[PDB]
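Heads up, the chain below is alone and in the form deposited in one PDB entry; it's given as structure tokens.
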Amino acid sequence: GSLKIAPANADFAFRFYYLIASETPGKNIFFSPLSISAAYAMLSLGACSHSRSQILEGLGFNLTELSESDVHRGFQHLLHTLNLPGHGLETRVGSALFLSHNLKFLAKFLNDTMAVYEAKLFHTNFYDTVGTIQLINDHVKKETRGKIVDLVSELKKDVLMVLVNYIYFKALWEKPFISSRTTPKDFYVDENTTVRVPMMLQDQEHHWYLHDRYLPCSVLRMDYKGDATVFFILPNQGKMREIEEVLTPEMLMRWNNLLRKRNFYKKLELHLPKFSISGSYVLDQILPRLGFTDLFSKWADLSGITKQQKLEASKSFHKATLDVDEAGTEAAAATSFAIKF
């Protein structure tokens, strides 16, 4: 099972969303919570004492209910499952450590990251800032089939390690759209702002959807070929904030369970845009407000990575992209975490 870690991961997902949505309202948002969670859980293998438990608590783990071993083995199983072959669904998740050519890293840390997160180890010269940025960014770009470019946008000269992970997702719709029916249509951004978008249309299929009687929204769940689904949640005009206030793991499960009853499987005329959005986040600036003050402070104990220098957190980035069209969805993301001395 990776079911033991599912509650914490979902809690983190919705906490992160809520912070972004409330701090930058009226803006496109897109991220991979799984990528962030897995990056930071991997990092925690190198943290000691209070710093280790605080990273896991920030990620939503209840360390009275779960052992550290339950968390890490949960991720190992989660990542293994995602990486297994599928017919009309590609999911790949991977990790890497870019290690200073000079420094002696603790074998336990390196061994644990390889055993649990299947981390690939690369050696690089962090004095060569330009070359190291290119090496890391090219690796992420390649692993994301070109979607995540320039993940690491800054790198200090005193960095000795950069942790990265990535997720790549490409999945066909069970119920695809016929591209000859896609035509430009109006999209009402707000009361005064209207843009044109290619609008896909299907009207012959049954779909899983509801008009919520407790909340001002409708919810569509579309299945992919393979073990994935997407919820498209459509607040009534002007009611986005009201839905965001209640967007929790419990609400997602409510909607999911309502959409397991065949009375919510009905013929639907569905207009859905063909579109792309992306997100780009500076996690070292955001995560202190989601429980990670210790990690980003002068007090962080990262002495599980090396005994050779006193280490501290440097920059941490997250970028993600979403591409929706008539055949399916492509989504990619990556997370970096740099450590300096």
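Basically, rigid core = biggest C-alpha set you can superpose within 1.5 Å across the two forms. When you see a residue number, it is the position in the sequence shown, counting from 1.
Quick note: we don't show the form deposited in another entry, though the next part is all about it.
Superpose on the rigid core and name the single residue from 129, 81, 256, 179 whose Cα moves by 2 angstroms or more between this form and the one not shown.
The answer here is 129.
Core-aligned, is the CA shift for residue 153 between this form and the one not shown 2 angstroms or more?
Yes, because once the rigid core is superposed, the C-alpha of residue 153 moves 2 Å or more between this form and the one not shown.
Superposing on the rigid core, is the CA of residue 144 displaced by 2 Å or more between this form and the one not shown?
No, the C-alpha position differs by under 2 Å between this form and the one not shown.
Relative to the superposed rigid core, does the CA atom of residue 276 travel 2 Å or more between this form and the one not shown?
Residue 276 C-alpha, core-superposed: shift of less than 2 Å.
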